[PDB]
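Undergrad: A structural model of the following input is requested.
(chains A, B, C and D, ligands or ions: 4)
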Amino acid sequence: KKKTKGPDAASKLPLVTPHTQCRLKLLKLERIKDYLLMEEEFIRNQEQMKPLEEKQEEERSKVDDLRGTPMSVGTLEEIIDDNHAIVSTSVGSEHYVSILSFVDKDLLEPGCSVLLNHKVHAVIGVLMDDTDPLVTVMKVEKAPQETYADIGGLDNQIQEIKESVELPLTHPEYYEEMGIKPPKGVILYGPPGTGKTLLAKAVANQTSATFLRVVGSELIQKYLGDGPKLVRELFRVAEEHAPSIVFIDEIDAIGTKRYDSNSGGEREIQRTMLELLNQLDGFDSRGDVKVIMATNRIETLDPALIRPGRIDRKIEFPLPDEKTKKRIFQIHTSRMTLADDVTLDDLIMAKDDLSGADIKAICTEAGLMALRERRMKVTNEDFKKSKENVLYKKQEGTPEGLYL
Amino acid sequence: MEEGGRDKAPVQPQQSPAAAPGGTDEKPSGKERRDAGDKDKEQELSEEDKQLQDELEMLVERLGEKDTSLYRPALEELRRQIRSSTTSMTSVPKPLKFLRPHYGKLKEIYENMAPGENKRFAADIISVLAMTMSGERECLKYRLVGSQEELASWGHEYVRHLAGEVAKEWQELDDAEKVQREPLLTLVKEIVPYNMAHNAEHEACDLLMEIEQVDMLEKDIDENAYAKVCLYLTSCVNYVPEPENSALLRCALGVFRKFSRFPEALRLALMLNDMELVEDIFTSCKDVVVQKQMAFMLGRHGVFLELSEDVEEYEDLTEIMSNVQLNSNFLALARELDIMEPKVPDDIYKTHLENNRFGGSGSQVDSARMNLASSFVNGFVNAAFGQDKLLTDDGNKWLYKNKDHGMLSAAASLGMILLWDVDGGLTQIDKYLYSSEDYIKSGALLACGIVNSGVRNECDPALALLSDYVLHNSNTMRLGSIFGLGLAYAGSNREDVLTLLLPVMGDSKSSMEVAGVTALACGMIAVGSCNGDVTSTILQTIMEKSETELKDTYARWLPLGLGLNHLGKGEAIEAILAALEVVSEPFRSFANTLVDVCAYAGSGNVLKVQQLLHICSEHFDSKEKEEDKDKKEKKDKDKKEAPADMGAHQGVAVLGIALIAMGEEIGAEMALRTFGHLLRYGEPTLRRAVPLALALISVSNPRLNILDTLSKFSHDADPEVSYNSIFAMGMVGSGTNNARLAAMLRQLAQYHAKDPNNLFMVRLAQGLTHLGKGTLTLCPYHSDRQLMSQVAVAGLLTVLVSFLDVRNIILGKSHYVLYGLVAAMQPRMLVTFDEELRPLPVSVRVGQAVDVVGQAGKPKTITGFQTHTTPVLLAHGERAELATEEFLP
Amino acid sequence: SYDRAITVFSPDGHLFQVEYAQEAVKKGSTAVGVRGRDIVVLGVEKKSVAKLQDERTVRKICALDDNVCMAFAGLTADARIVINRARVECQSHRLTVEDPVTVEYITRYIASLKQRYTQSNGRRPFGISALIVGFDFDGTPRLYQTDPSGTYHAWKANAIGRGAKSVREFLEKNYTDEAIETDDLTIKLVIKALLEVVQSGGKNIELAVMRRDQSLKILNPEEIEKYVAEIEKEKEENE
Amino acid sequence: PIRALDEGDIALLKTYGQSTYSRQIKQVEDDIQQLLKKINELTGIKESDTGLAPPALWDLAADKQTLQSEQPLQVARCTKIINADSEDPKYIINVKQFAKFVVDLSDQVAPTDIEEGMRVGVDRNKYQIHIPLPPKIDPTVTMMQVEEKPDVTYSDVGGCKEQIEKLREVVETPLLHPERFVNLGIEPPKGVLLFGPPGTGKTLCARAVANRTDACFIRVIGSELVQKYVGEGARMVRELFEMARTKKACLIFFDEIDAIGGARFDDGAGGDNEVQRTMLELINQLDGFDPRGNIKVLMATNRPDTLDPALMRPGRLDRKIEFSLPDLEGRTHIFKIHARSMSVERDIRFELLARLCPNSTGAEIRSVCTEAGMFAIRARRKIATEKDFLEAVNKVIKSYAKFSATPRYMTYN
Ligand SMILES: Nc1ncnc2c1ncn2[C@@H]1O[C@H](COP(=O)(O)OP(=O)(O)OP(=O)(O)O)[C@@H](O)[C@H]1O
Ligand SMILES: Nc1ncnc2c1ncn2[C@@H]1O[C@H](COP(=O)(O)OP(=O)(O)OP(=O)(O)O)[C@@H](O)[C@H]1O
Ligand SMILES: [Mg+2]
Ligand SMILES: [Mg+2]
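TA: Numbering: from 1, shown residues only, chains lettered A, B, ... in the order given. Ligands and ions are numbered 1, 2, ... in the order given. Sharing the structure here:
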């Protein structure tokens, strides 16, 4: 058994389905609160009514004192003889130390961290795990709030990514019968402000495996040897755990064309990119890990990151068409109080170039302009002012109709 | 700083109130004209709803507060016109005048006098003009007044009339979603006297409309999920007449009032049967209402429709009682043979075939118990008439090989091999019944009783089995003969069988197991009345158990039978009666909590669970109340299985950490039963939590506890790739997962996972929100509660019939008069709508569509098309008539 | 990349400059045309008048002769040049041989002219696509459609301009195998084909017809709305 | 113009239509999250990760000898010797991190078996020589080598006949039949570089030769060599080669030489120059004197034009094998390989598919196969058909980076 599911999800309960000032929600959150208070009371009584204790077996303190109080951590490198291994400290100073008993001489292996004494400097224990606080921090444990209900309609893309990352888990009977390996790599590309990170959030919200999230220009350190090692440890911790998934965002900071030039720092960038490229698909194995990689311009990527076998599915997010604008407007104004006058038809049809974030900004600007004159309900002229007065930076082309 | 160029209102409407005290004084011109000129402006500005910062209230509150304070009380000459105008123009500003502490000031002005109709200028405003603060006042002040002085002044009568008029206003202002807030006041006004609210709202909706009631009905029906018990009953009974009084649909009354049979009142079920016989006049409204009355709620209703119209108007009772059961058996045979069911599969046991090369060679298993477990696998998987002719002769040779107990179990396997049979299952059993072997005869009688189990017809009530029972010459050949009878008349509370099985325990036979089985049978025969059985059982307990201090078979049959005989009642008077009846030593006090919780099958009472966890909290339990904590944890899943599904998840959160991490005996041993009882769907959360702490047996703990975790591993029906885990656990089950301690457990689990493709469902949840019966038996099966060493021997007699409340899997069927139509619908995920103004999409994923009589599946909602009008129940019943009606040219 | 010259071959054998001029047509206003048993009709849209200048010098449909019609897309000046050359050519043919010009002959001539600005350097290819409609061969109608590359084809229902693909999609299902009589029904088909104007101004449609017999006929803005009304009247029959 | 919301307007705005259960809601969520914080703090962790053995193993040895082991022994730091004075008892030592000291031997050790140039244990105080140690075996190099057999056969590579023949000639034949070369009078090469477009099929061939190798195989991480401290990369390089020479018949495999280095440039002051040293330590160790023998090295890269020309010297890298896109029989054979493990309609011909993917490598064909399977999954089918592959081809090969899709082959008929 590996570290197992190691699931990452708070996700207490979302049922606020009334979504208004109804009694059902009040009674439901009452049930939630009283269960939480009940569990708290149980743990208080669990910790308060413990009467049994000796817990030293008249020798545990003996072992504790035999080993030094401020034990230090070192790196074993060889074991020439029984009871006379050879270790080293941080500064690279080796020492022909001894090995004492009360240390299971089974799990020690060259390259493993061990616990050492001060005054005599012998081996007295083995440190079980060593993960720096740059990889454990990357992990997520509280799921973000959104879900598929909020997406404005992307049926093709949603179905695609679901066949990629979700379906092989819940119902893995078909793929064996057909004899196929499910795809492992996905690219999300397109113009800015369209929804590339929404699918990341929505997938992370509802899943069962570990989720790891990394942003692009963070795999970089200045000591010439930390980048690739950090990448290696990242994939190691992902694979020792559950069927996790990794989300690398804003890649183009890492991978770009691998050309030859002068400066040494850029050589370091290329070295790190190339190490990741090996890690993803190199020699023997890969493991049960999926990778999602998101960017807003794709042509400037190294041809060795995009070839199939490493990234199997590519998904383009295009600008919304007139069918989708109505859905977006219906979602972002659902919890808004609103007047009988307005019709979203004019706003959606008058313009032909805008995206999801733009619609959200139009909604909030119009609502605020309605507030400006001491009202709550929103009218049509407010939406008109919101659309036209701001939310539009411009561009020019094809002058004066050369074509007719 | 915005003030100027318009604030003439803070000038003239400031001088007019300033001299308004002078108006109340010697100058009546201010008393009349100034009052009119203020009231007209206020009414005009609060009438329109376009500017939500009212321009008159917000320029007066500072001076208007003291003006109203010193005007009304210092007038002393309250004429009708002047005092009415003053009260009208000082009652409205209070919402802006005062802060949250206003409950004591809703009446300081309005109660002074009633000027005309307070809703006249508060008629078409939804939740703006007055109905918000009026609703708040009637919600809180009336409750405070009526807390103990219910019979009082206008605070009851005139408050009632005000509530009626305000409900009319809520309906007539906008008739919007605020109508769903009218029930709020209805439940906030006369909180205790809720009845005089609910009836009022019924009459108010009576002349409202015959179509705008469904939303109110749904809101009330889903508000009834959890509240005070008496409030629950009142709300349910007031919901009952709603589909009859205002609307005349009266078709769902027979379905939404069976839920109030056991939980509400026995006389409630009597009146439900009364209304079900008074209704059903339309022939369609009888065959459908009788479909669920037997195979979906409970039995013992084959005699209530035997009036003087027993040709076809009362011959339907015998049809839906047993003849419909035979027809359903024939259908479940024909369809299964049509779709997916070969005669003799017997492959899942042989599915462990790719392991032949793995781990060297075979020829390792020679255990005699293995043959027993193999037979049980071949029985369980071969349900739904999966008969094996001469392929069960292996069970004959094993029956002639060893394991007399295994011989009995193998003999009883034929009971569930030929299940729900009436034509020739008994005939098949009879050939081997006369075999001149005690164990063989007992197994034959158990199988015969199992074959007709659930049918409860008048075929062979006591013909064969009881003739052997009255000849209980052998110790072993006496328990099952009566025990099967308890199963055979599980749904029947006939006192004849009760007093006929009482003599089994009155015979004073030396076999204590016989007495235990008789107690179990008497518990599982009746779930309601007949306290005389309780008296006889308690007397036998006092006269027998006092002299013994043996295994919990006493606690496994006497208190379990007592709880089953009085199961499902929130009165708690029966609980107190049985509690004070059996005050005794702690080994008997183990049954106190058992009987306390058995009467709390399902409801919302955080008090109950709080004392349930406080009782066996820690206590350090130095070998003192381990059985008490065992039943506490085994039952913590109960009382919580209908919490509106919030409680299920929260409970899983509690059990996953609390008992699992910081537990010693209740945690390490009896913590998998709660998961094995919480749900039977199969989901990654529990299927992951169980193996992580279960495949690692943790031999340091009572390693046999891990074996229990194996059994609830198979708590999911509906075969799936879960096998892939346990299959692997099988190989590690060679060395680890001790063969002589867990081999039969793993094998029976793997047989239960893929047990019977049809009839897989077994979760006591017929209907979206009903669990009337079937938990009876399922409780005794899980009532092993540790002591698996005892289970090793008892189960060969028990486990064969331990769980015998199985319903068939499939729910999708045309169910025409001749079963003509095949199918035209779209199965999908569960509901995706609760309170939506826009079109209600129940089917989240309509993509899936089949056109056969095929299976339903657990998380599946079904909707139809092709204009068949499906006029039976429109949801799903497996027996809907679905007549066609398409008057749409 | 490997383009930038009009006489070079890409590694895989393309003429990237011709392909680049190919897409330059789709910047123009759409236009369609169909033939019938008696009538041939071609329609144009997207007039989008600027309401501050005359409209008698912004013509988009021109007659190469008394009994043939042509429409175009793409840019403007090249269209005018081709129009003038074609008129001269057809008149000269009628001079040298007394027979009138068949609809196929003039199309082939236009194809050759557009062909001969491709081989040499220093000559930018034309950027237009033409629709030719005639009936001159013994009272029988035909239409042809040409390409900037210089290849012509025979159709029965075509569509060019910005967004012709949707008009295609509509046409291959809504055009009926029923040999279309009752010319008004053909005109209804054309109106419903142009119904997919990106904005549907109602008064941004223009038609031209030719009934085997007479010279050019031009519709006027009074029957267009009666056809619109009849379309709404037929469309209200949904139930 | 415009105006600013005043206090009174703010007060009234939070007043109309508040509903009767506004704050009564929010305070709930508030204390919910607070008690969440509390309940999670009240939980921390447990370790039980020190490796202590069962007490029976401790025995009473804890007092008897473990207590009698701290004080008797000493740390004895370990170093090397460089220049042994002979007949002159003064020795010289270097800590390789400290300076060099002149030192001597201890009392009990003979002065004979102290051959110069080996690791020795040294007292902390007097820096005397006490015991010899065997030469270091590097901890990372031990698991550097594969010691495993990937299960890919020569039978699973289609469309690369000549390259397989040349690779076999370089690697296998001199290790099994070393008589043809001496019979005719030639010498076997000792170095092969592999190059081609990404995806062509190199690392697969490398994995294939590691199956029927019958000899030591060493996988080498290109990015492991570079290090944070000074003077580490060269050290590991030499340990690699020495340990390789210890045993007989071991193969070396490298990947992305362009990671380690393929150019040399001036300046680069500070950090960069270190890697330069590293690559040099390889080159002079790759050749020189004393023919290395039956030790073969493989170089593989995708970016050959950025390599240092000093690598292409005759004697260091002898043969260069090019991998090219498969022409026609390569495509039919690759399809036949990847589509013999899935359920397909038995009467489908693959040459047609071989036509419609002109410029494609093995990766694209494998992805086409799996894609056809997925399109079979979407509809409820058990066996994939012709149309599946025909649609998957349009989905993958052509669809990406299309041009003139609507014009199509209008002019090319
Ligand atoms: N289809 C949609 N439905 C709902 N919201 C949408 C949709 N498309 C975009 N949005 C909105 O867009 C925002 C999400 O950001 P988005 O994922 O588009 O960023 P991005 O593509 O990563 O951009 P960037 O290049 O700035 O990182 C949210 O405000 C979300 O509400
Ligand atoms: N001729 C071939 N026969 C079979 N499979 C092939 C062939 N060519 C390529 N492949 C497939 O290519 C995939 C990966 O190839 P490989 O790893 O050798 O690429 P590579 O050229 O080493 O790439 P990179 O240089 O980017 O590491 C494998 O799935 C393999 O099946
Ligand atoms: Mg983003
Ligand atoms: Mg490779």
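Undergrad: Could I get the full set of strands for the chain?
TA: If you meant another chain, say so; for now it's chain A. Using DSSP state E, the strands of chain A run over A:72-81, A:84-88, A:94-95, A:113-116, A:123-126, A:185-189, A:211-215, A:245-249, A:290-294, A:313-316.
Undergrad: To clarify, I was referring to chain C.
TA: Using DSSP E, the strands found in chain C span residues C:31-35, C:40-45, C:62-65, C:68-72, C:130-137, C:140-145, C:153-154, C:157-160, C:205-210, C:217-218.
Undergrad: Dump the strands of chain A into a markdown table; add mean neighbour count as well.
TA: All C-beta atoms are positioned from the backbone trio N, CA, C, and that covers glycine. Output for these, formatted as a markdown table (neighbours: other Cβ atoms under 10 Å in any protein chain shown):
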| stretch | mean neighbour count |
| --- | --- |
| strand A:72-81 | 16 |
| strand A:84-88 | 19 |
| strand A:94-95 | 22 |
| strand A:113-116 | 20 |
| strand A:123-126 | 22 |
| strand A:185-189 | 21 |
| strand A:211-215 | 18 |
| strand A:245-249 | 21 |
| strand A:290-294 | 22 |
| strand A:313-316 | 17 |
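Undergrad: In TSV, list the ones you listed along with distance to residue D:321.
TA: Output for these, formatted as TSV (distance: least, Cβ to Cβ, whole Å):
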stretch	distance to residue D:321
strand A:72-81	39
strand A:84-88	43
strand A:94-95	43
strand A:113-116	43
strand A:123-126	47
strand A:185-189	29
strand A:211-215	38
strand A:245-249	34
strand A:290-294	31
strand A:313-316	32
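Undergrad: The strands of chain C: which one's closest to residue B:816?
TA: Residue B:816 lies closest to strand C:157-160 among those, at 49.8 Å (Cβ to Cβ).
Undergrad: Find the closest residue to chain A in the stretch 601-750 of chain B.
TA: residue B:650 (4.1 Å; Cβ to the nearest Cβ).
Undergrad: Would you check how far apart that residue and residue B:616 are?
TA: Per Cβ to Cβ, to the nearest Å, residue B:650 is found 19 Å from residue B:616.
Undergrad: With residue B:39 instead?
TA: On the measure of Cβ to Cβ, residue B:39 and residue B:616 end up 67 Å apart.
Undergrad: one step back: of all the strands of chain A, which one comes closest to residue B:183?
TA: Counting by Cβ to Cβ, residue B:183 lies closest to strand A:211-215 out of the strands of chain A; the figure is 42.5 Å.
Undergrad: who does that closest one touch, helix- and strand-wise?
TA: Judged by 3 or more Cβ pairs under 8 Å, 6 or more residues apart in numbering or on different chains; DSSP states H and E, strand A:211-215 is in contact with helix A:196-205, helix A:226-240, strand A:245-249.
Undergrad: now those as TSV including distance to residue C:175?
TA: Output for those, formatted as TSV (distance: least, Cβ to Cβ, whole Å):
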stretch	distance to residue C:175
helix A:196-205	41
helix A:226-240	58
strand A:245-249	49
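Undergrad: Let's have those in JSON lines, adding distance to chain B.
TA: Listed next are the helices and strands packed on strand A:211-215 as JSON lines, based on distance: least, Cβ to the nearest Cβ, whole Å:
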{"stretch": "helix A:196-205", "distance to chain B": "15"}
{"stretch": "helix A:226-240", "distance to chain B": "15"}
{"stretch": "strand A:245-249", "distance to chain B": "15"}
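Undergrad: Relative to residue A:229, tell me which of the strands of chain C wins on proximity.
TA: When these are compared by Cβ to Cβ, strand C:157-160 sits nearest residue A:229, at 60.8 Å.
Undergrad: Send over that closest one as PDB, restricted to the C-alpha atoms.
TA: Provided in PDB are the C-alpha atoms of strand C:157-160 (Å, rounded to 0.1, in the frame of the first residue of the first chain):
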ATOM      1  CA  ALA C 157     -27.300  27.000 -56.400                       C
ATOM      2  CA  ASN C 158     -24.200  29.000 -55.200                       C
ATOM      3  CA  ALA C 159     -23.300  31.400 -52.500                       C
ATOM      4  CA  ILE C 160     -20.300  33.600 -52.100                       C
END
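Undergrad: So what touches that strand?
TA: Contact partners of strand C:157-160, identified using Cβ atoms under 8 Å, 6 or more residues apart in numbering or on different chains, comprise C:25, C:30-34, C:73, C:129, C:131, C:143, C:145, C:167-168, C:171, C:175, C:193.
Undergrad: What strands line up against it, and which way round?
TA: Strand C:157-160 pairs in its sheet with strand C:31-35 (antiparallel), by DSSP bridges.
Undergrad: contact partners of the strand it pairs with?
TA: Counting by Cβ under 8 Å, 6+ apart, C:40-45, C:60, C:71-73, C:131, C:133, C:141-143, C:156-161, C:167, C:175, C:186, C:189-190, C:193-194 sit against strand C:31-35.
Undergrad: Among those residues, the buried ones, what's the ChimeraX command?
TA: A single ChimeraX command selects the buried members of these (16 or more other Cβ atoms under 10 Å in any protein chain shown):
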select /C:40,41,42,43,44,45,60,71,72,73,131,133,141,142,143,157,158,159,160,161,167,186,189,190,193,194
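Undergrad: Roughly how far does the closest residue in space to residue D:407 that isn't next to it in sequence sit from residue D:406?
TA: Leaving aside its sequence neighbours, residue D:407 sits nearest to residue C:22 (Cβ to Cβ, 6 or more residues apart in numbering or on different chains; 5.5 Å). In this structure, residue C:22 and residue D:406 are 10 Å apart, going by Cβ to Cβ.
Undergrad: neighbour count winner among those two?
TA: Neighbours were counted for residue C:22 and for residue D:406 using other Cβ atoms under 10 Å in any protein chain shown; residue C:22 has more, 21 against 12.
Undergrad: Farthest pair within the contacts of strand C:157-160?
TA: Of all pairs drawn from the contacts of strand C:157-160, the greatest distance, 23.0 Å, lies between C:25 and C:175 (Cβ to Cβ).
Undergrad: just to revisit the earlier point, how deep is the residue of the stretch 601-750 of chain B closest to chain A tucked in, by neighbour count?
TA: Applying other Cβ under 10 Å, we find 21 residues neighbouring residue B:650.
Undergrad: you'd agree it is up against residue A:13?
TA: Yes. Assessed by Cβ atoms under 8 Å, residue B:650 is found in contact with residue A:13 at 7.2 Å.
Undergrad: what touches both of those two?
TA: By Cβ under 8 Å, 6+ apart, residue B:650 and residue A:13 have these common neighbours: residue A:32.
Undergrad: mind listing the strands in the stretch 1-150 of chain D by residue range?
TA: D:78-84, D:91-94, D:100-103, D:119-122, D:129-132 (DSSP state E, counting those that start in this stretch).
Undergrad: sorry, back to before: among the strands of chain A, which comes closest to residue B:522?
TA: strand A:211-215 (55.2 Å).
Undergrad: okay, the closest one in PDB with CA atoms only?
TA: What follows is strand A:211-215, C-alpha atoms only, in PDB (Å, rounded to 0.1, in the frame of the first residue of the first chain):
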ATOM      1  CA  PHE A 211      -4.600  17.800  -6.600                       C
ATOM      2  CA  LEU A 212      -1.300  19.700  -7.000                       C
ATOM      3  CA  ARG A 213      -1.200  23.200  -8.500                       C
ATOM      4  CA  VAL A 214       1.800  25.000  -9.800                       C
ATOM      5  CA  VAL A 215       2.200  28.400 -11.600                       C
END
